[PDB]
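Only one chain is given next, in structure tokens, and it is the form deposited in one PDB entry.
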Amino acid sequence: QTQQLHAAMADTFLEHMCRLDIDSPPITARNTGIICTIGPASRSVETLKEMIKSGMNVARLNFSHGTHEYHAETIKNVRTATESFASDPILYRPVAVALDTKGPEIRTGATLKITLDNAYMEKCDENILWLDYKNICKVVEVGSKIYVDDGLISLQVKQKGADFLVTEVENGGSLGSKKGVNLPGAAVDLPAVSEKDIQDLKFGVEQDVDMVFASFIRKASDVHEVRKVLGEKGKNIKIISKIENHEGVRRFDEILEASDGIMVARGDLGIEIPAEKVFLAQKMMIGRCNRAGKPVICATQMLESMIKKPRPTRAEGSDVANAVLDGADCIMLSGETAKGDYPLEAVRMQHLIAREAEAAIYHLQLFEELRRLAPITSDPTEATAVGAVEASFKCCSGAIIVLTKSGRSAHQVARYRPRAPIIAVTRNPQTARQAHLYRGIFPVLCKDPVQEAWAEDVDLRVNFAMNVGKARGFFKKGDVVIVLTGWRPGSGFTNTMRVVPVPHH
């Protein structure tokens, strides 16, 4: 009768749906990470403090707009707000910083001629239109569509020239200046990173960002170019590939294997592909990410109306819940937090919905399927991790506590989608920030010195997790928890599972 545990026991998905209960309150932990775009509504230290208290886990910076100086100040304010809670490490929540690349762009019933001749840069007119992509003719054929201004206008190419295309307008409207262009279904040969992106990525390395959301990723070689630009110095920065067109969807597998995770970039994706197909692409990407054990971000227009209003639409409530049910590691806000009224209310709403939806997951089937789909491996940590998730379902444990340096051991627990929150204790601050990318990891940053005796140093970090869970209201004294450690100094890796009562002290 709490946490949708009646529904959890159902023998079928249909009966699971039938037993979902609005009068079954959720547990206090919320597992899905919340990524908030920072902008004019949300940059002040004071607002960012409430933003964190409301449930922000990742600050997204959009490099489509704003100078290096502007963004450096946003990062500084994020860190000031974040570090204002640092005096009580029991209560300190790590907050990641994410850099979102601008990425390459194309810019600027009747007949309508596209031209590449630069004399028409200054005289864009309703008969002849200039764009900046010089290889457009190689990637388009007769029958190709061209979309202008976030898909407001639509053209179909009728004849192909050396330096020009003659098109027929399909969807009319008002054409302005310096408007965005999309090429549905094309193999676009724009570089993986623009001149501007190379500068922005180098800036992210300099600013110690935790992850990059790389725009318009179409193929594996694009991810590799981002990685090489990040270089040796930025090798620990996670690359989240943004899938935003047909080619990215079609080549998803190669992109996933090369990436540290994925953003379902529904905005541009829904311009590039028919809007009615976005949910298909969303569900396929979330499923394959869950199958690979790689973080996946659901982004854009979840709570859109809350830019103006203090409460979401029913479609928006539904969208957040269903992203979580699909299996998304990370819901996102894009302007709800950046420039809207009610930025705090939007964060709070994501928190509330995510938590409800986490209880409504059909763990019984999800766990079975994740186990059946997972390769066998001789890797001890993998075996320990699945063993720990199994044990956590068997005893309804209040948490799975994982000691981890790199984060990897906790990531391996999270891929099997326990109901119980995963308290990942690390001394590595970057590990703690990056762990937000994974469903159910509650990262905590241990600031105590390394004890001389290894056994005591383990017990110290375990007692820290115990204090965190009590203080955050995940569990109380006497409840059973699962503890994952290594057995032996820094040698080996996470291979030891203990089932322990939460102590009085």
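Heads up, when I say rigid core I mean the largest set of C-alphas that superpose within 1.5 Å between the two forms. Numbering starts at 1 and follows the sequence shown.
Beyond the structure shown, there is the form deposited in another entry, which is absent from this document and is the topic of what follows.
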Notebook entry, point to check: Just checking, between this form and the one not shown and with the core aligned, does residue 236 shift 2 Å or more at the CA?
Noted result: no
Notebook entry, point to check: Superposing on the rigid core, do we see a C-alpha displacement of 2 Å or more at residue 198 between this form and the one not shown?
Noted result: no
Check: residue 144 and residue 246: do their C-alpha atoms lie closer or farther in that other deposited form than in the form you see, with a change of 3 Å or more?
Finding: farther
Item checked: Comparison of CA distance in that other deposited form with shown form for residue 491, residue 446, at least 3 Å -> closer
